[PDB]
Amino acid sequence: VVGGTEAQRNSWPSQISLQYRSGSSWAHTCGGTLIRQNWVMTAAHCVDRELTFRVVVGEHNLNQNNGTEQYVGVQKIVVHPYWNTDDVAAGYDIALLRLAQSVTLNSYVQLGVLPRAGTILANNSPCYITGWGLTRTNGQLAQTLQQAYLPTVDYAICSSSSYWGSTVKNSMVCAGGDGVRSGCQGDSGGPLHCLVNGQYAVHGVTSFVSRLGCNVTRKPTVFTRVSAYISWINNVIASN
Ligand SMILES: *C(=O)[C@@H](CC)[C@@H](CNS(=O)(=O)c1ccc(C)cc1)C(=O)O
Ligand SMILES: [Ca+2]
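Numbering (mature numbering (1 follows the signal peptide of the UniProt record, and there is no 0)), first residue to last: 11 to 250.
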């Protein structure tokens, strides 16, 4: 996240780090949201490569032991069946990961609250993106989890010609676009937390930013709209 601030250690306990095995170690590649003790919601584009993945819950600093982390392998990957790698703009950028073991909940590890199905936020709704993605366009990943306030940009504005045009669909949420704050590579898959009726809920799954760069004026970060996929999510969880 570009233009973010370090999150407090226990602010976003559903945020997970999705990592892939790289030689003798592990490398962060995307975020995700813990939605069941053994299920993670992330972006389908994060699991397009045939890599070995693990999820880290209760993570704060990627390069140091925080003494709060739980490490778990990904046992099954279910990508939305309409997802197409060649077309992120078509949408369906969502996937569910069944964890090899159920994680233990505590103040650093909690399930993400999902919105009711069909919920659409009013323009300019208050949301925060969180993640360890690049802190600058063509930069490096953050060491500590970052957060940035990114107000939503409704579909009418977001899909307008000055913004994203036809690239944005109504199955997505746009947020930000101020030219200073945004998601960036490595934040994909993570949550967009929006305050609704006093409770933060995960309304988006980070999906894409402009090819021009991360923090680009009028190119708000684009997220899969979680509330469009509630029955899909429940169907997967129930049949697996
Ligand atoms: C997500 O991080 C997104 C910006 C918010 C990225 C794409 N996701 S990624 O950087 O994880 C990705 C890109 C390509 C591959 C092969 C793997 C990972 C974006 O550039 O829109
Ligand atoms: Ca750590």
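Don't be surprised by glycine CBs; every beta carbon is placed ideally from N, CA and C.
Item                                                                                              : Value
Alpha-carbon to alpha-carbon, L202 and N134                                                       : 14 Å
Cβ distance (whole Å) where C168 is taken to contact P230 below 8 Å                               : 6 Å
Residue environment, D96, which counts as buried when at least 16 other CB atoms sit within 10 Å  : exposed
beta-carbon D197 near ligand 1 non-hydrogen atom, thresh 7 Å                                      : yes
Bridge partner(s) assigned by DSSP for residue 2                                                  : Since the displayed the chain opens at 11 and closes at 250, residue 2 lies outside it and no answer follows.
Neighbourhood of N71 by C-beta, 6 Å cutoff - its chain only, sequence neighbours within 5 removed : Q153, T154
CB of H213 within 8 Å of CB of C204, strictly                                                     : yes
Bridge-paired residues (DSSP) for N116                                                            : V119
Beta-carbon separation (whole angstroms), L109 vs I45, contact threshold 8 Å                      : Contact flag wrong, Cβ pair sits at about 11 Å.
Residue from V88, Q156, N250, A54 with nearest C-alpha to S192                                    : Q156
Identified DSSP bridge partners for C204                                                          : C137, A211
Residue closest to residue 251, alpha-carbon to alpha-carbon, out of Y118, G186, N76              : Within the shown structure, residues of the chain are numbered from 11 to 250, placing residue 251 beyond reach of any answer.
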